[PDB]
Protein chains: 2
Amino acid sequence: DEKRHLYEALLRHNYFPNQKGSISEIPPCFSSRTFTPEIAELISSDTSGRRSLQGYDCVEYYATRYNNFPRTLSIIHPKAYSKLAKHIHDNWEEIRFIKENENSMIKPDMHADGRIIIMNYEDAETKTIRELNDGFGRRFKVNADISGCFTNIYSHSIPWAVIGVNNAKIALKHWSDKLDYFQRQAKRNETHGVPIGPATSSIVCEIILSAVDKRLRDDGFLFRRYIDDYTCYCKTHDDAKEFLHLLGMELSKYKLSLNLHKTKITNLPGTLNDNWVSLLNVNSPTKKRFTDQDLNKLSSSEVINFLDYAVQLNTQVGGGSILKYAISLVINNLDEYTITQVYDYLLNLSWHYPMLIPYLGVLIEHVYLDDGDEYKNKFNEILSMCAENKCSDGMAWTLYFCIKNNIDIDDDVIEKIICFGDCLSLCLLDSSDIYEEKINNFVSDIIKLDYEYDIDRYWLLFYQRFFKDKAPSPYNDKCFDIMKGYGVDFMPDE
Amino acid sequence: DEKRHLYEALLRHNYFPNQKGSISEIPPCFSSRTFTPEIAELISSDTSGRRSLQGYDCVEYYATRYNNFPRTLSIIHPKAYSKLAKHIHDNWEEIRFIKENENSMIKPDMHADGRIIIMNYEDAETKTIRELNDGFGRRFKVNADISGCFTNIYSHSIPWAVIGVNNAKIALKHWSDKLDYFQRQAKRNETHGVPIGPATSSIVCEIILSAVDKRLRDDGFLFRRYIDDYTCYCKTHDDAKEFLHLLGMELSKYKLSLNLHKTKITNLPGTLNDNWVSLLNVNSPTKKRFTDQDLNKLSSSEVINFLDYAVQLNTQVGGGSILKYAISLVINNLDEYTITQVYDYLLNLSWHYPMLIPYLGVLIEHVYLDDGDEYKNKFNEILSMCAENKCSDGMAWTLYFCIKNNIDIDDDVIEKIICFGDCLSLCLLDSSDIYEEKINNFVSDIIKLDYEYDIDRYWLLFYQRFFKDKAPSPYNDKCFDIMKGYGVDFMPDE
DNA sequence: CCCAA
DNA sequence: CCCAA
């Protein structure tokens with residue numbers, strides 16, 4: 001069923017930020033499964049407890065981009081998220097028009113693994129044919145980015161996209177207003193912004209932007225929207241300017257604005273991908289298959305020189321995730337002679353760029369990690385860099401590797417982890433049970449601060465300690481008790 | 001008195017966006033004078049009326065920057081602004097520590113004209129000596145911009161800057177919490193963002209950033225802050241990185257972040273101003289005084305070629321307001337032979353860049369505006385461009401010029417002005433009394449929409465129609481009646 | 001002096 | 001095929 005798959009996607013698969021295709025932003029030890037729709041129904045049915053503050057804060061997870069710029073993913077508190085997901089499920093007949101939006105490529109869709117939101121799920125076949133069909137006969141390409149699609153989207157504009165702005169103003173119940181209310185409750189009862197990473201906020205953004213897509217489609221524009229990025233194909237240059245103008249009016253109707261720095265008009269034919277993508281693939285040592293596995297095994301010189309050229313392209317161009325693309329090109333065609341060289345190169349690049357840290361888990365088995373403790377020092381230096389740069393993705397993945405592979409962590413970097421206080425990193429540290437007293441001191445400071453949003457920012461740590469009977473429930477409601485009684489575990493075993 | 005000057009600055013001078021030094025963002029026909037502190041006290045004392053919505057929306061005024069990027073200035077509704085200014089005045093002893101912040105250059109200060117916030121009020125003497133003293137012995141200059149100092153500043157962080165974050169969390173009355181509440185009431189009871197242009201929000205931003213400045217000052221950093229832009233002078237490069245890191249932690253303490261695109265580290269000695277500033281002044285035809293007025297009168301070739309070079313510099317460099325700087329260099333040294341050439345050049349540049357539109361008022365007397373109606377067509381084409389580009393500064397200044405100088409406006413562009421619906425432009429159109437029925441239809445649509453924020457977005461138009469007895473008061477409170485009874489006029493005569 | 005932050 | 005939006 002579409003409805004049941006939507007419910008299980010919202011809670012069991014796309015609650016945590018898990019929208020990436022190949023490697024996740026979060027280590028795989030964190031999983032939102034065993035959090036079923038029945039449990040969320042029981043949470044939403046709970047009315048006990050008193051909150052001094054209105055709304056709920058969320059666990060914040062800082063993941064670096066390719067330019068080391070932090071992006072704040074969020075894990076919503078399960079009470080507010082359960083209510084929001086239940087409301088989205090209950091009115092899915094009125095919401096599912098976002099599925100039949102041909103212009104939006106990244107939208108809800110029934111996937112095999114159980115998700116609804118997967119970025120870049122479509123294959124290169126249909127992708128290539130689609131951009132060649134859209135770009136045919138047109139000599140201008142328009143790239144326009146919404147400035148604040150996650151950070152300043154208007155929750156009160158959720159009705160305005162559904163029934164119209166004027167009709168929603170006269171009408172002030174409808175499901176869109178309740179969706180607005182629950183989306184506000186998801187983040188501290190704040191009217192602006194949505195948590196990045198869950199599919200509920202992606203559904204809300206699709207609902208808001210579907211009216212803009214419909215208005216642009218009714219004017220005859222050929223365009224594709226990936227989340228917030230619009231790519232339009234225009235026969236003439238005034239058509240590009242008119243698309244930009246009409247998109248500006250349609251975004252300003254819902255209190256949104258184009259990123260004036262990011263919008264650009266290029267001459268077709270450009271490239272189907274970015275230019276660095278073709279530069280990398282045309283220089284890839286693994287670009288041709290041989291159908292025998294011994295032939296397509298890369299040597300040391302090939303991979304080392306290709307990664308050096310990738311660093312050259314990242315410095316010179318820097319138009320995207322060049323290093324991650326090249327590493328994913330060469331990481332699966334390695335032989336056992338060259339594992340140490342590529343692994344040390346990945347360690348250096350991952351110290352410089354934390355987004356390359358998860359690739360260390362690809363070759364984490366072949367590398368003799370005991371050795372002469374040099375790898376322990378390198379991993380702890382990576383942990384120091386992650387604590388200094390305040391990035392949660394690299395620290396979480398490195399801590400996952402150290403816990404799984406029994407790499408020892410010094411006390412000095414544990415002090416830096418507590419000073420940073422990333423919720424997922426502290427969840428991993430609590431799951432190791434070595435550092436119980438420091439986690440206890442941290443959560444005691446959070447409790448004695450008596451701020452409800454401070455507890456909400458570490459609800460996952462508090463629930464992981466409560467579920468293992470290491471700490472009482474910080475809240476006075478029954479949501480944590482309901483989740484513990486039905487065996488909800490966000491750090492499950494295999 | 002400092003307190004009385006603060007009150008009269010907040011209400012009579014710096015209510016409207018009037019922080020610019022030479023030419024204002026708003027035409028001079030708009031003035032916030034005759035809105036005295038006694039009147040605001042009477043407004044804040046009023047408790048009658050009922051609002052379905054919480055908070056007040058504000059008049060939005062889109063002013064272009066040098067790159068034609070819109071910046072949204074705001075005129076706060078006089079009830080919320082009166083309460084906010086009264087609360088800022090009543091606790092000025094606890095607020096006035098922002099005056100004694102040596103690192104912040106643009107801060108409240110007792111000025112001769114009655115304002116407290118004037119950008120770049122200090123003379124070139126003290127400016128030049130200050131950047132030469134700060135840059136001496138240091139070889140690195142750090143430019144770091146706060147990303148959302150106006151658009152995502154946290155109102156609940158107003159107590160956190162005053163008494164500390166932890167103490168404000170335990171404390172949950174104090175004046176900072178009430179200041180937070182009134183600042184929220186200024187913009188639709190929204191916890192994020194401040195209206196740009198009034199000095200109350202500048203005071204709030206100074207309060208929030210003063211703790212960051214104190215923390216950076218206590219670590220021995222030599223730095224200067226202009227609004228949101230930090231410029232630090234460092235002996236070594238790690239000192240620059242450590243300043244960037246500590247500023248990141250101090251901003252993240254109050255839910256602020258650096259603009260990672262804008263931050264840069266340059267090598268001292270650079271230039272005291274920007275590089276294009278010295279390029280313009282070293283090529284300025286008026287750069288040397290002669291002490292006789294006939295000698296320093298620029299010819300046609302001099303000004304035309306200097307403006308052509310200014311357009312060349314704006315295209316090639318584009319690092320700032322190059323065209324406005326060069327125009328202000330040459331606009332006051334013109335002779336009567338060259339008025340037509342420079343005025344036509346300004347008309348072309350002002351069509352392309354609306355921020356140059358106010359300079360048309362410098363030579364608006366010498367130009368024979370009747371002529372053969374060509375200037376009427378040029379002004380109406382400028383009005384068409386302002387309606388299409390959705391800019392309020394250029395449209396407001398052009399409408400002010402047309403009303404003052406009796407330039408006729410066609411009905412076709414009046415349709416575009418109503419379609420744009422800028423509040424200040426419609427205030428000017430209502431003050432001309434020619435277009436009464438169209439303004440009546442517009443305000444009838446706003447009234448029949450029954451949205452309180454929609455009335456708040458055009459409160460200035462509604463009050464200008466109410467004060468001239470052309471329309472009844474849209475609100476049910478006594479604020480408009482109090483302002484009318486004491487003769488408050490935001491469009492006063494000379 | 002003449003901009004902007 | 002292998003990224004990101």
Side-chain angles (χ1 to χ4, degrees), chain A residues 19-23 65-67 71 104-106 119-125 127-128 143-146 149-150 205 224-231 259 262 273-274 276-278 280-281 284 286-287 289 310 314 319-333 355-356 359 362, chain B residues 19-23 65-67 71 104-106 119-125 127-128 143-146 149-150 205 224-231 259 262 273-274 276-278 280-281 284 286-287 289 310 314 319-333 355-356 359 362:
Chain A
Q19 324 195 327
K20 285 305 200 191
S22 53
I23 72 192
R65 303 207 291 275
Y66 61 91
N67 43 14
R71 188 223 317 286
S104 90
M105 308 297 341
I106 305 162
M119 320 252 291
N120 314 333
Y121 181 72
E122 74 174 326
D123 56 335
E125 193 45 353
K127 187 106 144 63
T128 293
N143 277 297
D145 285 45
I146 305 181
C149 176
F150 326 105
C205 283
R224 298 300 163 183
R225 178 177 50 91
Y226 298 83
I227 323 286
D228 56 352
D229 161 90
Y230 278 94
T231 296
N259 192 326
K262 288 303 163 273
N273 305 299
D274 290 0
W276 60 264
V277 182
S278 96
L280 275 182
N281 281 112
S284 176
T286 206
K287 72 165 153 199
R289 249 57 146 201
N314 194 57
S321 210
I322 295 166
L323 285 192
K324 186 196 239 209
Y325 197 98
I327 284 159
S328 38
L329 286 176
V330 290
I331 211 165
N332 293 317
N333 315 269
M355 68 159 330
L356 310 177
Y359 282 116
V362 170
Chain B
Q19 324 195 327
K20 285 305 200 191
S22 53
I23 72 192
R65 303 207 291 275
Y66 61 91
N67 43 14
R71 188 223 317 286
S104 90
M105 308 296 341
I106 305 162
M119 320 252 291
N120 314 333
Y121 181 72
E122 74 174 326
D123 56 335
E125 193 45 353
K127 187 106 144 63
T128 293
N143 277 297
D145 285 45
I146 305 181
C149 176
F150 326 105
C205 283
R224 298 300 163 183
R225 178 177 50 91
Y226 298 83
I227 323 286
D228 56 352
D229 161 90
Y230 278 94
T231 296
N259 192 326
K262 288 303 163 273
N273 305 299
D274 289 0
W276 60 264
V277 183
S278 96
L280 275 182
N281 281 112
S284 176
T286 206
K287 73 165 153 199
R289 249 57 146 201
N314 194 57
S321 210
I322 295 166
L323 285 192
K324 186 196 239 209
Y325 197 98
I327 284 158
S328 38
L329 286 176
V330 290
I331 211 165
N332 293 317
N333 315 269
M355 68 159 330
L356 310 177
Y359 282 116
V362 170

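We name chains A, B, ... by the order of the sequence lines, and we start the count at 1 in each one.
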Donor-acceptor contact below 3.5 Å, side chain A/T128 vs main chain A/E125: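 Checked: no pair found.
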
For the [atom1] atom of [X] and the [atom2] atom of [Y], what is their distance to the nearest 0.5 Å?
X: A/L356; Y: A/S321; atom1: CG; atom2: OG; answer: 7.0 Å
X: A/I146; Y: A/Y230; atom1: CD1; atom2: OH; answer: 5.0 Å
X: B/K287; Y: B/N281; atom1: NZ; atom2: CG; answer: 9.0 Å

Sugar-phosphate only, base, or nothing, as touched by [X] at under 4.0 Å among non-hydrogen atoms:
X: B/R65; value: sugar-phosphate
X: B/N120; value: base
X: A/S321; value: sugar-phosphate
X: B/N273; value: base
X: B/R289; value: base
X: A/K262; value: nothing

Among all residues two or more places apart in sequence or in another chain, which pass the side chain to side chain donor-acceptor pair (under 3.5 Å) test with A/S284?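 A/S284: no side chain to side chain donor-acceptor pair (under 3.5 Å) contacts found.
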
With heavy atoms of chain A within less than 4.0 Å as the criterion, where does contact along DNA chain D begin and end?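 The footprint of chain A covers D/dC1 to D/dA5.
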
Tell me which of B/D123 and B/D229 sits closer to the 5' end of DNA chain C, going by the nucleotide each one is nearest to.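 Whichever sits nearer the 5' end wins; that is B/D123.
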
Both B/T286 and B/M119 contact DNA chain C. Taking the nearest nucleotide for each, which residue is further toward the 5' end?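 It is B/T286 whose nearest nucleotide is closer to the 5' end.
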
Among all residues two or more places apart in sequence or in another chain, which pass the salt bridge (charged side-chain N to carboxylate O under 4.0 Å, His left out) test with B/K262?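 B/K262 satisfies salt bridge (charged side-chain N to carboxylate O under 4.0 Å, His left out) with no other residue.
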
